[PDB]
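For reference, the structure is listed below as structure tokens.
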Amino acid sequence: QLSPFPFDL
Amino acid sequence: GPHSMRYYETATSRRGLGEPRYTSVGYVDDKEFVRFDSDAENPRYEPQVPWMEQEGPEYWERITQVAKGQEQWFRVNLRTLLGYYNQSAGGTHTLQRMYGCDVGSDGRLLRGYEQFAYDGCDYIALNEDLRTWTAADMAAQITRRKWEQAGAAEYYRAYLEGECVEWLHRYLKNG
Amino acid sequence: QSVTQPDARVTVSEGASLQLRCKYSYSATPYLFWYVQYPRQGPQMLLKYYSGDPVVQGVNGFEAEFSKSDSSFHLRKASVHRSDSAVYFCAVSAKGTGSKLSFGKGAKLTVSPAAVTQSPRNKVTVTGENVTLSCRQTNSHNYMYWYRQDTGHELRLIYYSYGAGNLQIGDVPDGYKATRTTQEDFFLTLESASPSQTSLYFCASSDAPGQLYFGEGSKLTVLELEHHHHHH
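Quick note, the sequences are listed as chains G, R and H, same order.
Under our numbering, the first residue of the first sequence carries the number 1, and numbering increases by one thereafter.
Under our numbering, the first residue of the second sequence carries the number 1001, and numbering increases by one thereafter.
Under our numbering, the first residue of the third sequence carries the number 2001, and numbering increases by one thereafter.
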């Protein structure tokens, strides 16, 4: 499984 | 000795013609094991080594829609970096994301990763402690300021300490 | 999935100690939030939990403790003021959908002796009318939300959006259209207003998974006129 949806820049 | 998992997500702008190409490639140790390309006719997801075939159709289908979502993150965030850097909309740019985990035989975690590069220059990086951030320039400072306040490090730490390691040994238990 | 708050109504004396309970049943340990809603206002986040230290510090003097084995995220405050009289919402975010915020039923507390602008504070119409609720935010947030709250209950998600032109369905979208025309603007449209669509509508924006900044509310009443009449 992949990392959670990343934070916004 | 030690072992690692690594994911390289890359998005590049194209002049005029619609959405940016999206690339996601997975590495176990330093060997490529999984790949996603948006340019492919039926983009999906795929296996790059024989020992990754034993994975169910649910694994591939879920992991694909995750990448389909990731494209939206990049579309949006390429756009915000144009704002931060005061760049024209008629240009092309590259945004790469790397995350993953390092472990060497204690079945434990050594190091976590969450870092970004913009046009081949370091932007922001999660530090060894997974609490602090290294920001390269002024634009990255803005990101660093709100990630520290919001608690992004703790957000990423839930994956890096848990699932990242678990799936790595799940993958390592092969070949 | 689900979040559970055992008591809809809680009364404590001024100066006393408070504990508001919350238990979740989820397949994977979710992102956990507490929100406060003062009369005539949108909810405001108190504190949040992603991972790490199981004890988190909130605003207005609140703190919460997470417990994995107990699957609980109880809220507490040392000494309650009269101004703490509000409705308290335990709230949760699913691990795979971090930005979709879901509310608990809520606890009304009686203690006895957000640059999000939404255009129509109050509106009354009749069945069949076209109603548009406007929402503008200057926070440079990429996430925007439209909730509705039936008086006495919790906020229920209608639609949300990530970036301009994006639309993602919530829990209760039937009868509504939404449009995210720009980064700052998120319209909600009732093409043919129904009396079931009378409630308090809250817009929100977010910068971080589950951390939402709510507007001040758009209260809409739609009347079937024939209903409030005895036929002659």
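By construction, the Cβ of each residue, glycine as well, lies at the ideal position given by its N, Cα and C atoms.
H:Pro2043 has its alpha-carbon roughly 20 Å from the corresponding atom of H:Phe2187. Collapsing the DSSP output to three states places R:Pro1047 in a strand.
Ranking H:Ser2134, H:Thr2179, H:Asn2139, H:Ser2013 by CA distance to the CA of H:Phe2202 puts H:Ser2134 first. Beta-bridge annotation (DSSP): R:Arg1079 is not paired with any residue. Among the residues of the segment 2126-2149 of chain H, those with a Cβ less than 7 Å away from any Cβ of chain G are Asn2142, in the order of the chain.
Residues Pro1020, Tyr1022, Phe1074, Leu1095 of the same chain have their beta carbon placed closer than 6 Å to that of R:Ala1011, with the five preceding and five following residues left out of the count. If you compare the alpha carbons of H:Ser2072, H:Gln2118, H:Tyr2050 with that of H:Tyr2024, the shortest gap goes to H:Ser2072.
Looking from the CA of R:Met1098, the closest CA among R:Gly1107, R:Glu1114, R:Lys1068, R:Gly1090 belongs to R:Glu1114. Interface flag for H:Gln2041 against chain R is unset, since no Cβ pair is found closer than 9 Å.
Listed as beta-bridge partners of H:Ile2158 by DSSP are no residues whatsoever.
Taking the Cα positions, R:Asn1174 is about 10 Å away from R:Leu1168. Distance between H:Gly2015 and H:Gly2152, taken at the CA atoms: about 26 Å. Assignment of R:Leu1109 by DSSP, reduced to helix, strand and coil, places it in the coil class. Sequence-distant Cβ neighbours of H:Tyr2026 in its own chain, meaning closer than 6 Å and more than five residues away, are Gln2001. Between H:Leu2018 and H:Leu2075, the C-beta gap is smaller than 9 Å, which places the two residues in contact. In chain R, no part has a C-beta under 7 Å from the C-beta of H:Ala2114; the shortest such distance is about 15 Å. Restricting attention to H:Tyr2160, H:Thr2179, H:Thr2182, the CA atom closest to the CA of H:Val2172 is found in H:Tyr2160. Secondary structure of H:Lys2108 (DSSP, three-state): strand.
Remark: three or more beta-carbon pairs, one from each stretch, lie closer than 8 Å, so the segment 1119-1133 of chain R and the segment 1146-1154 of chain R are flagged as touching. Annotation: H:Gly2061 to R:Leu1082 spans about 39 Å, alpha carbon to alpha carbon.
Taking C-beta atoms as the reference points, H:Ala2064 and H:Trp2034 count as a pair closer than 9 Å. Among the residues facing chain H, R:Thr1080 is included, as its CB has a counterpart in that chain under 9 Å away. The Cβ of H:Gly2170 sits no closer than 9 Å to any Cβ of chain G. The Cβ-Cβ distance between H:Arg2148 and H:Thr2117 does not fall below 9 Å. Nearest CB-CB separation between H:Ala2208 and chain G: below the 9 Å threshold. For R:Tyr1118, the three-state secondary structure derived from DSSP is strand.
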